[PDB]
Amino acid sequence: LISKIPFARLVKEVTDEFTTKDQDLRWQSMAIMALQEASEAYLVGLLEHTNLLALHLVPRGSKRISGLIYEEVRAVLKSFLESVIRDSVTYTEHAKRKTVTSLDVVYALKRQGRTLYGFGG
């Protein structure tokens, strides 16, 4: 487990294909932390999003058959990761840098509609 983390490798592997643009880029430890932030962030967002439905709607917990939630979450994450690379290469290139940081990921998440710049009380 601690010695080896296959999940990080798998997530990194998918992302690496997207980041195949590793023409000279470099993956920092933070980059990986970004993956952790991404998965948990997506979930909090999903969980929190599901909570609002609870206000008047009743999610169908049973018979979870609707375009495979796992497929959707995965494809949706893929979109996030893919966009992240585009945003990352963009910000890195903006800074003529060749490195992936959780910070750039955060920047990507921010524009993704996170933090709401504090507009949302």
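Being loosely packed, with under 11 Cβ neighbours inside 10 Å and over 18 Å from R97 (Cβ atoms) is the requirement here; does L1 meet it?
Against the criterion (loosely packed, with under 11 Cβ neighbours inside 10 Å and over 18 Å from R97 (Cβ atoms)), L1 qualifies.
With (1) in contact with a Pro (Cβ under 7 Å, 6 or more places away or on another chain); (2) surrounded by 12 or more Cβ atoms within 10 Å (Cβ to Cβ) as the list, and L53 as the residue in question, which single condition is left unmet?
Only one criterion in (1) in contact with a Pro (Cβ under 7 Å, 6 or more places away or on another chain); (2) surrounded by 12 or more Cβ atoms within 10 Å (Cβ to Cβ) is unmet by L53, namely (2).
Residues being closer than 18 Å to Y42 by Cβ, part of a loop (DSSP other than H, G, I, E, B) and either touching a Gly at 6+ places or on another chain (Cβ under 9 Å) or of a type in the set (A, V, I, L, M, F, W, C) (or both): count how many of those fall in region 55-104.
1
Name the pairs: first residue in region 14-30 and part of a helix (DSSP H, G or I), second residue surrounded by 15 or more Cβ atoms within 10 Å (Cβ to Cβ), Cβ to Cβ under 6 Å, at least 6 apart or on different chains?
Matching pairs, first to second residue: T15/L81; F18/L81; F18/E82; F18/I85; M30/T101; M30/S102.
Consider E48 carefully, then state whether it is surrounded by 10 or more Cβ atoms within 10 Å (Cβ to Cβ) and either in a loop (DSSP other than H, G, I, E, B) or of a type outside the set (V, I, T) (or both).
The answer is no for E48.
Would you be able to tell me the number of residues in region 105-121 that are exposed (fewer than 15 other Cβ atoms within 10 Å of the Cβ), among the hydrophobic types (A, V, I, L, M, F, W, C) and assigned to a helix (DSSP H, G or I)?
Of the residues in region 105-121, 1 are exposed (fewer than 15 other Cβ atoms within 10 Å of the Cβ), among the hydrophobic types (A, V, I, L, M, F, W, C) and assigned to a helix (DSSP H, G or I).
List pairs: first in region 46-60 and closer than 21 Å to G113 by Cβ, second part of a helix (DSSP H, G or I), Cβ under 8 Å, 6+ apart or cross-chain?
So the pair list comes out as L46/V73.
We did not get these values from a lab; they are worked out from the coordinates using the rules stated. Using ideal geometry, Cβ is built from the backbone for each residue, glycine included, and neighbour counts are taken over all protein chains shown.
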